[PDB]
Structure formats: structure tokens, C-alpha cells
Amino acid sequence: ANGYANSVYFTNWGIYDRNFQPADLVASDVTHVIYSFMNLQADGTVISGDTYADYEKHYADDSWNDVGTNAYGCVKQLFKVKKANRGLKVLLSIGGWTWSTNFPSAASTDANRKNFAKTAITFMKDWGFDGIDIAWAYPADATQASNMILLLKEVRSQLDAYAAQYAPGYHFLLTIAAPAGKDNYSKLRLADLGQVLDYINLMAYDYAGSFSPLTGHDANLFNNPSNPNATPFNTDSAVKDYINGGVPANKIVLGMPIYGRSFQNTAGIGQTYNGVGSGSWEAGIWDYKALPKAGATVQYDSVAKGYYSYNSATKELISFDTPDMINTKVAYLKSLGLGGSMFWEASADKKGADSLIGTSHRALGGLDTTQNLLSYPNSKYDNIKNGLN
């Protein structure tokens, strides 16, 4: 890369209720769009989890009078984004939190690995994408951790062979979503990941929610020793462990939530609570663009480095990131020589000054400008093959 990553997860299910289409991305703020998620079978077969969202949906300019086999849905919409934003690379993300059960099996044999790599890369070269993100949540033991490395080396090796025939000189990106929890990351082959991958998207959030006994900061930088119940986890320990484990700092992209976690029937941060309540689309999770709510006031834990909102009238607290938090996390990641910012996820962001991804872009300054690929001469989609010309 020739500068900081400013990367955002784009969810293919975001096109429905959330009505967030690839054209809605503020592409000028983004170095990498990570397209989420592909599903996975136990025999390593990577599959579309939604073929309509992925390549069948016709947008206002998608004609049914097109000759040949053509890609539509988000695939064509993201290729349009790639054409208008040559510094924007699009990565295919496989698995995610709900679709990781088949990873151990998928990685367990040379045959399954070879099948995973081949089917993954097929979608990538057919859809006109710049690389593959593997979001296996998570390797549970030494066998799975070793096999994850064997899987990534199979994918790297097949990407390079694909490039050598159909995109000579182009470097396809290989990335992972990485856990911030020591229970999880202590099992990874960190030094192997640091060697084989372009980026580790550190998922430095989901520290506290319905799964927590007490209200907690969702994505704090540091431990609060004068209120440790408020910081069950901290990003700093995770980042240091990844670097000292042998992931080069510059390959670590700091993940940041574009949503908050709500706590109801609670006194405050570090305190006892009863239920997360309602959410934006799902119980106890609020889109950052729905935050802070009318009435609630944003307090800042300056030790933990984590903002939250509390309604003293309704006793609701919501851990979420503000623009100011983004500026602090960017100052932080630049201090440790990290590779940039990652966001989960695009649909929940505000527009203008108050955009978390926008704020990250200005804070980082010199974004990665490495050129994307528009040449897919082996795509089974004529429109992709012809670069939508």
C-alpha cells in the first residue's frame, strides 16, 4: 500500500430494509470496500448467500435487453464504483459471525482447501474484485489455527497463479477479520498470518453487550483501572499482542463500529443493567446515524477512551463511537504505525462532517492510492469482461 487503509464492510443484506446500495457509499473516503458475506459448505465450497443481492438485482440502469451472460446486483454496482474510484479495491468476504461453522471442515483437508481457494477465486475473478477477506469467527484450537494458515497459503498460491495468467503484475489482496479477544487470538498462528496476509482487520469492538453482566465500553482503547467493569476488554492489549506475536503493525487495520450497543435498567457505565432493549434492526444494536437519541447526552470516559450516551430521564446508556473517538483512534493507530481504519458497517454511517468514515479519511490524511484492477478477461460475465464499456 502507499498510505493508510480506510476500509468499510458493505453488507449484501444492507440492500433490503437498510436500503443502502453500493452507489450510496461515499467512495471518495474509502480505500477498500469489503463485500460481506459469502457462505461456506463443509467441503470448502464458497457460495453466494444471496444471488439476487450479489449479481441478479436490476438497478434503474440495468437493462434486460443486454446480450449474453451479465452480472448485475451489487457486483455490477461495485464495479461502477471501482471505475469511478481507481484507488478503491473491492474484496470478497467469506464467512462472518453466522457463517463460520463450516470453516474447520473447509480448512481440514488439502482437497477442501483447494476447493475453497478455487470457488472463492472464481467469484472474485467473475465479479471483478481485487481480493478475498476470510472472516472465520473463529479458530477454536491448534488444528483449526494451523489449517487456517494452510487455507490462506492455498488461497495466496491460487491468487498468484490466477494473476500470472489473467492479471499479470496485479497483486490480489488476501485479508482476515481478526478477533480482539485474547481467548480467541491466543490460538491464532499470528506470525504465519503476519507473513501470508496483506491486512488483518482487527475487529476492535463487541467488548460489551447482552452477553456482559455489566454495562461496558463496546470499543475502548485502554483499560480503566478506576472502573474496570466498564472495560472488560481494551484494543491496546490486543494490538500489542498481534504485533509482538509477529503481525507487522502496518498490516493491522483498526476496526471501528458504526453502531452502538444499548443498555437499559442501568445506573451507568460499569454498573448493573437489565436488557439491551430494542435496536435499529436487531435487539440492543443502534445504527450510528440513529445516535445519539433525542434527549441523551454523550459522556466521555477519558481513561478508557470510549464515548457513550445516557438518558437520565429513561436510564438508557449506549456505547458507540463519535467523530471525536475516530480522531483519537486514528491518532492512536498512527502512533503505533498501524495500517489504517476499518469500519463495520457502511449503511449506519452519517453523511457530511459527522461521517465516521469521512472523519477517519481526514484524520489519516494520506490514504492508500494503489490502483484497483478493471481487467477481468476470464469473467463469465460479458459486462464485467468488457469493464462495463
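Residue numbers run from 1 along the displayed sequence.
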> Between 40 to 48 and 66 to 74, which has the higher average C-alpha B-factor in the PDB entry?
Replying inline: 66 to 74
>> Regarding 348 to 356 and 325 to 333, which shows the higher C-alpha temperature factor on average in the entry?
In response: 348 to 356
> Looking at 94, 190, 267, 164, which has the highest CA B-factor as recorded?
Replying inline: 267
>> Can you tell me which of 228, 139, 131, 87 has the maximum CA B-factor listed in the PDB entry?
In response: 228
> Sorting the chain's CA B-factors, does residue 81 end up in the lowest, middle or highest third?
Replying inline: lowest
> Which third of the chain does residue 374 land in by C-alpha B-factor: lowest, middle or highest?
Replying inline: lowest
>> By the recorded C-alpha temperature factor, relative to the other modelled residues in its chain, which third is residue 305 in?
In response: highest
> Lowest, middle or highest third of the chain for the C-alpha temperature factor of residue 198?
Replying inline: lowest
>> Splitting the chain's C-alpha B-factors into thirds, which one does residue 272 fall into?
In response: highest
